[PDB]
Amino acid sequence: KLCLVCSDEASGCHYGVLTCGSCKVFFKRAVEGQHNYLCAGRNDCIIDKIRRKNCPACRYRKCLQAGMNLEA
Amino acid sequence: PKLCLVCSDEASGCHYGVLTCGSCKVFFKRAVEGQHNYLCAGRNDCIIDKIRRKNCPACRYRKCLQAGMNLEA
DNA sequence: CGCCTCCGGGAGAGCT
DNA sequence: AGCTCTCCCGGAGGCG
Ligand SMILES: [Zn+2]
Ligand SMILES: [Zn+2]
Ligand SMILES: [Zn+2]
Ligand SMILES: [Zn+2]
C-alpha cells in the first residue's frame with residue numbers, strides 16, 4: 001500500500017507502477033511537454049511525503065526508475 | 001436528496017451533462033452505442049420511475065435525450 | 001438490467 | 001504564472 005516513488009500511501013497502480021495520486025499526476029505532467037528540472041543537490045535527494053515537492057528532477061528520476069510509463 | 005432528472009431515483013452525480021442516477025447513466029450509454037431501436041407499447045408518454053423505467057426503454061431514452069444527455073458532454 | 005472495482009484524467013483551488 | 005494534489009466523472013472489464 002506504499003508508493004514506490006515517495007513511500008506515501010499508494011492509491012493503486014498508475015502508469016504501470018504502485019504509486020500515490022500525487023506521484024501519478026506529477027508523472028503525467030512531467031512526462032509531457034518541456035521542463036528544465038535541475039537538481040540542487042547531488043541527484044540523490046530524499047523523496048518522501050515531506051520533501052517530494054523540493055526536487056522534481058529527483059522525483060522524476062525515481063518515477064522512471066520505478067518503471068512509470070505513458071503506454072501503461 | 002438530489003433526484004435523477006429522468007426517473008426520479010436518487011441521483012449519483014452529473015452524468016453525460018445531466019443530474020441522473022447510476023442506472024440511467026448506464027442505460028443511456030448502452031442505448032446510444034447499441035444504436036438501439038425501442039418501441040413504446042403505449043403512446044410515447046410513459047411514466048418513467050424507479051420500477052417503471054425498465055418497462056419502456058423508448059420513453060426512458062427519449063427523456064434522457066430531452067433532458068440534454070450526451071456522451072460527449 | 002443494475003451494479004462493481006480499477007485507473008485515466010479534467011477542473012480548480014490553493015499554494016509558492 | 002507554475003505547480004501541487006484531491007474532487008469528480010469518464011471507459012473497460014466484469015459480475016449476479
Ligand atoms: Zn508518491
Ligand atoms: Zn535532487
Ligand atoms: Zn434515473
Ligand atoms: Zn413508452
Side-chain angles (χ1 to χ4, degrees), chain A residues 1-41 43 45-72, chain B residues 1-42 46-73:
Chain A
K1 53 215 205 61
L2 259 51
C3 177
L4 294 181
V5 175
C6 72
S7 296
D8 197 352
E9 171 179 322
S11 70
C13 184
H14 304 297
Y15 300 112
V17 179
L18 180 63
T19 60
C20 66
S22 176
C23 285
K24 159 197 169 195
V25 305
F26 169 79
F27 178 74
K28 177 50 159 38
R29 179 162 192 278
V31 79
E32 303 189 306
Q34 298 276 3
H35 304 265
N36 214 4
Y37 304 166
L38 298 174
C39 177
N43 292 270
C45 294
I46 295 171
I47 298 301
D48 59 3
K49 187 173 186 56
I50 312 168
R51 280 159 285 194
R52 65 193 183 200
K53 288 168 166 143
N54 287 32
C55 191
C58 284
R59 186 183 190 180
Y60 183 67
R61 172 176 49 73
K62 289 189 81 181
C63 289
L64 292 179
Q65 199 115 238
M68 300 189 71
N69 68 98
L70 277 190
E71 178 175 279
Chain B
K2 307 305 179 287
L3 297 186
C4 177
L5 285 191
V6 175
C7 84
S8 298
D9 195 13
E10 191 185 325
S12 64
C14 182
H15 307 290
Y16 310 124
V18 178
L19 186 58
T20 67
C21 66
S23 69
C24 287
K25 162 179 177 167
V26 168
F27 165 85
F28 181 73
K29 172 105 168 317
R30 282 163 174 165
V32 182
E33 302 184 342
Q35 307 201 0
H36 292 200
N37 298 118
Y38 297 129
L39 176 60
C40 180
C46 296
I47 307 297
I48 300 299
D49 61 27
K50 185 176 195 179
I51 282 143
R52 284 171 262 252
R53 69 194 181 199
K54 237 158 296 211
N55 295 12
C56 195
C59 284
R60 186 181 190 182
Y61 190 25
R62 169 178 58 66
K63 282 180 185 296
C64 286
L65 289 175
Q66 296 166 339
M69 292 188 75
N70 192 312
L71 291 182
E72 310 262 60

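Reminder, nothing fancy here: chain letters follow the sequence lines and each chain counts from 1. All heavy atoms count here, side chains included; hydrogens, waters and symmetry mates do not.
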Tell me the interatomic distance from A:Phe26, atom CZ, to D:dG2, atom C1', rounded to whole angstroms.
13 Å

With a 4.0 Å cut-off on heavy atoms, is B:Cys14 in touch with a base, just the backbone sugar-phosphate, or nothing at all?
sugar-phosphate

Roughly how many Å is it from CE in A:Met68 to P in C:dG9, rounded to a whole number?
11 Å

Answer yes or no: does atom CZ of B:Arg52 have more than 12 heavy-atom neighbours from other residues, nucleotides or ligands under 6.0 Å?
no

Can you check whether B:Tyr16 has a side-chain N or O nearer than 4.0 Å to OP1 or OP2 of D:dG11?
yes

Regarding B:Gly13, tell me which of base, sugar-phosphate or nothing describes its non-hydrogen contacts under 4.0 Å with the strands shown.
sugar-phosphate

May I ask you to say what B:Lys29 touches in the nucleic acid, namely base, sugar-phosphate or nothing, with a heavy-atom cut-off under 4.0 Å?
sugar-phosphate

Ring geometry between A:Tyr60 and A:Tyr37 (parallel below 30°, tilted from 30 to 60°, perpendicular above 60°):
perpendicular

Is there a donor N/O on one and an acceptor N/O on the other, under 3.5 Å, for the side chain of A:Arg29 and the base of D:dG2?
no

Look at the side-chain N and O atoms of B:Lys25 and state whether any lies under 4.0 Å from the OP1 or OP2 oxygen of C:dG2.
no

For A:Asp8 and A:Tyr37, find the nucleotide of DNA chain D closest to each by heavy atoms; which residue's nucleotide sits nearer the 5' end?
A:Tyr37

Which heavy atom of B:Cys4 sits nearest a heavy atom of B:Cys24, and at what distance?
SG-SG, 3.8 Å

Does atom CD1 (B:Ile47) have a neighbourhood of more than 12 heavy atoms from anything else shown, all under 6.0 Å?
no

